[PDB]
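Colleague: Handing over work_9.cif, mmCIF, C-alpha atoms and all ligand atoms.
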```cif
data_my_file
loop_
_atom_site.group_PDB
_atom_site.id
_atom_site.type_symbol
_atom_site.label_atom_id
_atom_site.label_comp_id
_atom_site.auth_asym_id
_atom_site.auth_seq_id
_atom_site.Cartn_x
_atom_site.Cartn_y
_atom_site.Cartn_z
ATOM 1 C CA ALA I 1 38.090 105.282 -36.084
ATOM 2 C CA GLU I 2 38.823 102.457 -33.687
ATOM 3 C CA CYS I 3 38.849 103.105 -29.920
ATOM 4 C CA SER I 4 38.939 106.886 -30.376
ATOM 5 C CA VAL I 5 36.343 109.455 -31.505
ATOM 6 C CA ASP I 6 37.092 112.863 -33.056
ATOM 7 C CA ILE I 7 34.742 115.173 -31.144
ATOM 8 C CA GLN I 8 34.252 118.948 -31.437
ATOM 9 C CA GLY I 9 32.234 121.899 -30.070
ATOM 10 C CA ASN I 10 31.556 125.324 -31.603
ATOM 11 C CA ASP I 11 30.513 128.964 -31.129
ATOM 12 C CA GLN I 12 26.973 127.958 -32.112
ATOM 13 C CA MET I 13 26.789 126.151 -28.759
ATOM 14 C CA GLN I 14 26.333 122.817 -30.506
ATOM 15 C CA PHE I 15 28.122 119.466 -30.363
ATOM 16 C CA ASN I 16 28.933 117.861 -33.721
ATOM 17 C CA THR I 17 27.672 114.567 -32.311
ATOM 18 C CA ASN I 18 25.122 113.690 -29.655
ATOM 19 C CA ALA I 19 26.061 110.083 -28.891
ATOM 20 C CA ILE I 20 29.068 107.745 -28.621
ATOM 21 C CA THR I 21 29.202 103.947 -28.821
ATOM 22 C CA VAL I 22 32.323 102.332 -27.356
ATOM 23 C CA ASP I 23 33.676 98.889 -28.244
ATOM 24 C CA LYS I 24 33.489 96.163 -25.575
ATOM 25 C CA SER I 25 36.989 95.039 -26.634
ATOM 26 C CA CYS I 26 38.220 98.627 -26.672
ATOM 27 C CA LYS I 27 40.801 98.491 -23.891
ATOM 28 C CA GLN I 28 41.184 102.270 -23.783
ATOM 29 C CA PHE I 29 38.971 104.851 -25.513
ATOM 30 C CA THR I 30 39.970 108.389 -26.493
ATOM 31 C CA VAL I 31 38.096 111.644 -27.000
ATOM 32 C CA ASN I 32 40.040 114.356 -28.805
ATOM 33 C CA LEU I 33 38.185 117.605 -28.249
ATOM 34 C CA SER I 34 38.518 120.253 -30.961
ATOM 35 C CA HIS I 35 37.357 123.857 -30.744
ATOM 36 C CA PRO I 36 36.800 125.500 -34.145
ATOM 37 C CA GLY I 37 35.585 128.998 -33.300
ATOM 38 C CA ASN I 38 36.324 132.620 -32.467
ATOM 39 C CA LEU I 39 35.002 132.777 -28.938
ATOM 40 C CA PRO I 40 37.385 132.557 -25.997
ATOM 41 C CA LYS I 41 37.272 129.838 -23.361
ATOM 42 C CA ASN I 42 35.833 132.429 -20.988
ATOM 43 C CA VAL I 43 32.558 133.073 -22.828
ATOM 44 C CA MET I 44 32.129 129.904 -24.897
ATOM 45 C CA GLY I 45 34.246 127.117 -23.435
ATOM 46 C CA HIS I 46 33.548 123.388 -23.793
ATOM 47 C CA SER I 47 34.747 120.108 -22.300
ATOM 48 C CA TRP I 48 33.960 116.387 -22.399
ATOM 49 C CA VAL I 49 32.719 114.935 -19.116
ATOM 50 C CA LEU I 50 32.231 111.170 -18.782
ATOM 51 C CA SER I 51 29.620 110.398 -16.138
ATOM 52 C CA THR I 52 26.274 108.593 -15.905
ATOM 53 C CA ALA I 53 22.950 110.436 -15.966
ATOM 54 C CA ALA I 54 22.411 109.456 -12.332
ATOM 55 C CA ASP I 55 24.847 112.225 -11.435
ATOM 56 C CA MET I 56 25.164 114.391 -14.568
ATOM 57 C CA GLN I 57 23.070 117.259 -13.190
ATOM 58 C CA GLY I 58 24.919 117.452 -9.880
ATOM 59 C CA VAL I 59 28.310 117.329 -11.543
ATOM 60 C CA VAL I 60 26.869 120.187 -13.566
ATOM 61 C CA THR I 61 25.314 122.318 -10.825
ATOM 62 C CA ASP I 62 28.309 121.574 -8.617
ATOM 63 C CA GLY I 63 30.547 122.233 -11.617
ATOM 64 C CA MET I 64 29.539 125.831 -12.304
ATOM 65 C CA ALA I 65 30.208 126.332 -8.573
ATOM 66 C CA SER I 66 33.915 125.510 -8.788
ATOM 67 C CA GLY I 67 35.088 128.985 -9.802
ATOM 68 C CA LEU I 68 36.263 129.597 -13.379
ATOM 69 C CA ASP I 69 39.831 128.667 -12.489
ATOM 70 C CA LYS I 70 38.533 125.301 -11.328
ATOM 71 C CA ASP I 71 37.464 124.881 -14.967
ATOM 72 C CA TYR I 72 33.825 124.969 -13.823
ATOM 73 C CA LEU I 73 34.358 121.436 -12.511
ATOM 74 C CA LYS I 74 34.062 120.112 -8.945
ATOM 75 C CA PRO I 75 37.618 119.199 -7.920
ATOM 76 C CA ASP I 76 38.217 115.438 -7.878
ATOM 77 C CA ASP I 77 34.646 114.413 -8.731
ATOM 78 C CA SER I 78 34.232 110.631 -8.550
ATOM 79 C CA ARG I 79 31.087 111.342 -10.545
ATOM 80 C CA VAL I 80 33.373 111.714 -13.584
ATOM 81 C CA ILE I 81 35.433 108.726 -14.755
ATOM 82 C CA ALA I 82 36.981 110.993 -17.386
ATOM 83 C CA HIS I 83 36.837 114.667 -18.404
ATOM 84 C CA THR I 84 38.740 117.111 -20.635
ATOM 85 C CA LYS I 85 40.392 120.424 -19.829
ATOM 86 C CA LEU I 86 38.425 123.580 -20.638
ATOM 87 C CA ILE I 87 39.853 124.487 -24.026
ATOM 88 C CA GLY I 88 38.573 127.432 -26.103
ATOM 89 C CA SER I 89 38.930 129.285 -29.439
ATOM 90 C CA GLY I 90 41.302 127.363 -31.686
ATOM 91 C CA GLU I 91 42.349 125.207 -28.736
ATOM 92 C CA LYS I 92 42.389 121.408 -28.734
ATOM 93 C CA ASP I 93 42.335 119.014 -25.788
ATOM 94 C CA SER I 94 41.436 115.378 -25.135
ATOM 95 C CA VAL I 95 41.278 112.423 -22.736
ATOM 96 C CA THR I 96 41.545 108.613 -22.757
ATOM 97 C CA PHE I 97 39.543 106.490 -20.326
ATOM 98 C CA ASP I 98 39.588 102.961 -18.984
ATOM 99 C CA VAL I 99 36.832 100.943 -20.676
ATOM 100 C CA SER I 100 36.632 98.970 -17.414
ATOM 101 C CA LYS I 101 35.354 102.230 -15.912
ATOM 102 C CA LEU I 102 32.518 102.016 -18.429
ATOM 103 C CA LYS I 103 29.800 99.801 -16.989
ATOM 104 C CA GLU I 104 27.372 98.126 -19.367
ATOM 105 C CA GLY I 105 23.635 98.649 -18.954
ATOM 106 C CA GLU I 106 24.192 101.875 -17.014
ATOM 107 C CA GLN I 107 23.208 104.894 -19.080
ATOM 108 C CA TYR I 108 25.937 107.465 -19.692
ATOM 109 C CA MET I 109 26.194 111.122 -20.688
ATOM 110 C CA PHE I 110 29.006 113.462 -21.742
ATOM 111 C CA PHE I 111 28.603 117.241 -21.572
ATOM 112 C CA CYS I 112 29.940 120.758 -20.943
ATOM 113 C CA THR I 113 30.000 122.319 -17.462
ATOM 114 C CA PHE I 114 30.449 125.982 -18.378
ATOM 115 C CA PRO I 115 27.534 127.806 -16.689
ATOM 116 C CA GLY I 116 24.602 126.869 -18.936
ATOM 117 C CA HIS I 117 26.448 124.620 -21.403
ATOM 118 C CA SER I 118 25.579 121.048 -20.367
ATOM 119 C CA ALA I 119 21.982 122.058 -20.994
ATOM 120 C CA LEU I 120 22.471 122.309 -24.744
ATOM 121 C CA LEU I 121 25.688 120.432 -25.537
ATOM 122 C CA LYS I 122 25.560 116.698 -24.790
ATOM 123 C CA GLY I 123 25.056 113.141 -26.058
ATOM 124 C CA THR I 124 24.655 109.476 -25.094
ATOM 125 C CA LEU I 125 27.636 107.143 -24.621
ATOM 126 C CA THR I 126 27.240 103.347 -24.831
ATOM 127 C CA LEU I 127 29.044 99.992 -24.728
ATOM 128 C CA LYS I 128 27.581 98.175 -27.739
HETATM 129 CU CU CU K 1 30.749 124.316 -23.543
#
```
How does the structure come out when it is put into structure tokens?
Ligand SMILES: [Cu+2]

Modeller:
Amino acid sequence: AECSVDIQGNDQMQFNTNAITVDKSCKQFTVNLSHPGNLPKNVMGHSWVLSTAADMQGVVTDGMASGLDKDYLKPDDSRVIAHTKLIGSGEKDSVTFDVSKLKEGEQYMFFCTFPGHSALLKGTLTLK
């Protein structure tokens, strides 16, 4: 796929990919989240967070702090250029970011913020 990537997350708390390379001429990427599973968004939710590793943890720890209604996300985090809604069982959400937001050289990680999710589910983004 050009300047889009068909991601997913599942009941077996695993991401179907653990890395993403974005195209330097991509002038707008997309990440279409897809939940194939039987667990609700309240006990096995997932979401795609775009943010370096220099702040991944904090967006995490400060993510599971923002209630459950605040999609276990700190409201208006600058430490996230892009993120997806908290879908769940049979749900499907996405997000498209500015590839001018994506700085070269700087490492980058996507993950899940649901209390103890980022730990397991994640993967490296890059600007090849
Ligand atoms: Cu998750």

Colleague: Enumerate, as a PyMOL selection string, the residues matched when the PyMOL selection byres (((not hetatm)) within 6 of (chain K and resi 1)) is run on the file above.

Modeller: chain I and resi 44-47+112+114+117

Colleague: Out of I:43, I:121, I:20, I:80, which residue has the shortest atom-to-atom distance to residue 58 in chain I when counting only C-alpha atoms?

Modeller: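 Result for the nearest residue to residue 58 in chain I: I:80.
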
Colleague: What is the distance, in Å and to one decimal place, between CA of residue 86 in chain I and CA of residue 4 in chain I?

Modeller: 19.3 Å

Colleague: Which residues, written as a ChimeraX atom specification, have at least one atom at most 7 Å from range 69-76 of chain I, with all atoms listed in the file counted and residues fewer than 2 positions away on the same chain left out?

Modeller: /I:59,62-67,78,86,113-114

Colleague: Considering all atoms listed in the file, tabulate each residue of range 28-119 of chain I that lies at most 8 Å from range 10-19 of chain I along with its nearest interatomic pair and the corresponding distance in Å to one decimal; arrange the rows by chain and ascending residue number and present them as JSON lines.

Modeller:
```
{"residue": "I:35", "atom": "CA", "partner": "I:10", "partner_atom": "CA", "distance": 6.0}
{"residue": "I:36", "atom": "CA", "partner": "I:10", "partner_atom": "CA", "distance": 5.8}
{"residue": "I:37", "atom": "CA", "partner": "I:11", "partner_atom": "CA", "distance": 5.5}
{"residue": "I:38", "atom": "CA", "partner": "I:11", "partner_atom": "CA", "distance": 7.0}
{"residue": "I:39", "atom": "CA", "partner": "I:11", "partner_atom": "CA", "distance": 6.3}
{"residue": "I:44", "atom": "CA", "partner": "I:11", "partner_atom": "CA", "distance": 6.5}
{"residue": "I:117", "atom": "CA", "partner": "I:13", "partner_atom": "CA", "distance": 7.5}
```

Colleague: Taking all atoms listed in the file into account, which of I:84, I:89, I:57, I:118 comes nearest residue 30 in chain I?

Modeller: I:84

Colleague: If you measure from CA of residue 101 in chain I to CA of residue 1 in chain I, what distance in Å do you get, rounded to one decimal?

Modeller: 20.6 Å

Colleague: Report, in Å with one decimal, the straight-line distance from CA of residue 31 in chain I to CA of residue 6 in chain I.

Modeller: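 Separation of CA of residue 31 in chain I and CA of residue 6 in chain I: 6.3 Å.
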
Colleague: Given the PyMOL selection byres (((chain I and resi 32) around 12) and not hetatm) and the file above, list the residues it selects as an NGL selection string.

Modeller: :I and (1 or 3-9 or 29-31 or 33-35 or 47-48 or 83-85 or 87 or 91-97)

Colleague: Quick one: of I:68, I:2, I:41, I:21, who's nearest to residue 88 in chain I, counting only C-alpha atoms?

Modeller: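 Closest residue, counting only C-alpha atoms: I:41.
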
Colleague: Give me the residues within 10 Å of residue 100 in chain I as a ChimeraX atom specification, counting all atoms listed in the file and dropping any in the same chain fewer than 3 places off.

Modeller: /I:24,26-28,97,103-104

Colleague: With a distance cut-off of 8 Å and all atoms listed in the file, select the neighbouring residues of residue 53 in chain I, excluding the residue or stretch itself and same-chain residues fewer than 4 positions from it, and output the selection as a ChimeraX atom specification.

Modeller: /I:57,107-109

Colleague: Considering all atoms listed in the file, can you say which of I:49, I:22, I:82, I:60 comes closest to residue 126 in chain I?

Modeller: I:22

Colleague: Which is closer to residue 51 in chain I than all the others in I:90, I:105, I:23, I:125, using all atoms listed in the file?

Modeller: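 Ranked by minimum distance to residue 51 in chain I, first place goes to I:125.
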
Colleague: Put the listed atoms of range 29-41 of chain I in a box along x, y and z with 8 Å added on every side and give me the centre and edge lengths in Å to one decimal, as AutoDock Vina command-line options.

Modeller:
```
--center_x 37.5 --center_y 118.8 --center_z -28.8 --size_x 21.0 --size_y 43.9 --size_z 26.8
```
